[PDB]
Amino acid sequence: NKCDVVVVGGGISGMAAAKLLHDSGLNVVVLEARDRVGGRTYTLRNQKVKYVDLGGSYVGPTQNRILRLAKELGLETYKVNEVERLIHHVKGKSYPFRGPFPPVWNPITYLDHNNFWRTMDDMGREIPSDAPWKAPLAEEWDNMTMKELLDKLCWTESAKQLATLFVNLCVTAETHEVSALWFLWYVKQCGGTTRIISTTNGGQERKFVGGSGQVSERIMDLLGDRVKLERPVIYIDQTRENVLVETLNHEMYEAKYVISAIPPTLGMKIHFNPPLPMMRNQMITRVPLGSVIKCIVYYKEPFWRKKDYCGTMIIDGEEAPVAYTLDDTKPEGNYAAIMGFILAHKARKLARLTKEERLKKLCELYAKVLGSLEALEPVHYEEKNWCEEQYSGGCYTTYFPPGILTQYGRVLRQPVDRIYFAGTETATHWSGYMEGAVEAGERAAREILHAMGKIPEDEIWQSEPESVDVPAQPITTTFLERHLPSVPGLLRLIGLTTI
């Protein structure tokens, strides 16, 4: 019944908030809708896989808060395999490449690719991390989808195709579904294009030994019976002295403050008395999550390594169910596996098939891409379609359609009386990731510590010391990368000499 703070949601963000509050000597309860903690992180354990992450999994340099939290809980990371060649499969044909990015040989196509990525980062520098609506051209960029932007910037189909796949992979949505301002923000708040897409030196470098679900589970161990499983919150009342929070199984909790640690749109599942202020009321109907099936196909051996492929495949084309894969083999070298994402409209399209039919499509794809008949002999298959989760709404995260971020963005973490907002969607650095969940959870907890007079305002927003275990290499450009002209820049140079 009675406590200091009710945390709604027992994913990373809610667990991280409850831990900070508990450590500060406050009585907290966590109310969790599911029969488990972890939310968008979920580690499945059985004999055939040992363990496998079916949700969030990858951590990388600059993600210092999740790395510190997991380290403090006794967790270790290992490196995702990138020793052998990556593959870029384009127009039915595979192009092995060393290094982080697929090489472009045609000089014109090269000027267009270079300019695309450079401009994305150039535009991002204009966007404040903590207030994207404040960018000088916010309105202009928000009233445009990513599709319109790619149509404007990319002077070759090659660049447009790769940029489209990049959008699909980063935000599990179609270029036409998403605001250009929002997507440019999302990339910039992760540290830029390189940092977001890279394995070595980027968001995909590492995973946790034993799975990422251990972060939430181990916080549950520390909190004991303070975590209430199968308590979907249905009702929040702020009319009286103390906040009343009701769950679906008719339990009532009473607190001084509430942290909402759930995807913004899932706030729709709760009835509010008094009603939410107008802007939030409408915002939560405007912020859908992406669509993705995460698929892991298990083999006897990591046969791709023998052919000198690491297992990273960037796969273009409508015919392909999976647009991106990584080696999901255990750090020990066993349970050989390929992890692939079925992204956006394909998640929708292929959900109609059975498990076995999807498995068949993935193997036949991998066989073609890796030039290997062995791909046709899987030993096991696991998958999770996140579109079907009542208490997630999708994965990886919330995207903003055109128009929304400039109109409703400033509401996302604005307190509603005694309700404070966490969840990765409210982060200012790696929002959408496990990293952002920790940031938002800990910041929301500290907003409440401030409200209670226990800390100064200057301590609500805290920087994180850099991990000594996963240090970040800076993102560098070369002279030619900075100053080579765009395609229309080259055309302007041509018409100037011939005049």
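Just so we're on the same page, rigid core means the largest C-alpha set that superposes within 1.5 Å between forms. Residue numbers run from 1 along the displayed sequence.
- In 9 other deposited structures of this protein, superposed on the rigid core, the segment with the larger root-mean-square CA displacement between 328-336 and 100-108 is 100-108.
- Where the structures in 9 other deposited structures of this protein are fitted on the rigid core, 91-99 is the one of 91-99 and 214-222 whose C-alphas sit farther from the shown form on average.
- For the two regions 213-221 and 263-271, the entry's Cα B-factors average higher over 213-221.
- The mean Cα B-factor in the deposited entry runs higher for 254-262 than for the other of 254-262 and 395-403.
- In this entry, the residue among 57, 27, 431, 62 with the greatest C-alpha B factor is 27.
- The PDB entry gives the largest Cα B-factor of the residues 443, 40, 36, 454 to 454.
- Ranked against the other modelled residues of its chain, the C-alpha B-factor of residue 142 as given in the entry falls in the lowest third.
- When the CA B factors of the chain's modelled residues are split into thirds, the value for residue 409 lands in the middle one.
- Among the modelled residues of the chain, residue 133 sits in the middle third by CA temperature factor in this PDB entry.
- Annotation for residue 12: CA B-factor lies in the lowest third of the chain's modelled residues.
- In the deposited entry, the Cα temperature factor of residue 357 sits in the top third of values across the chain's modelled residues.
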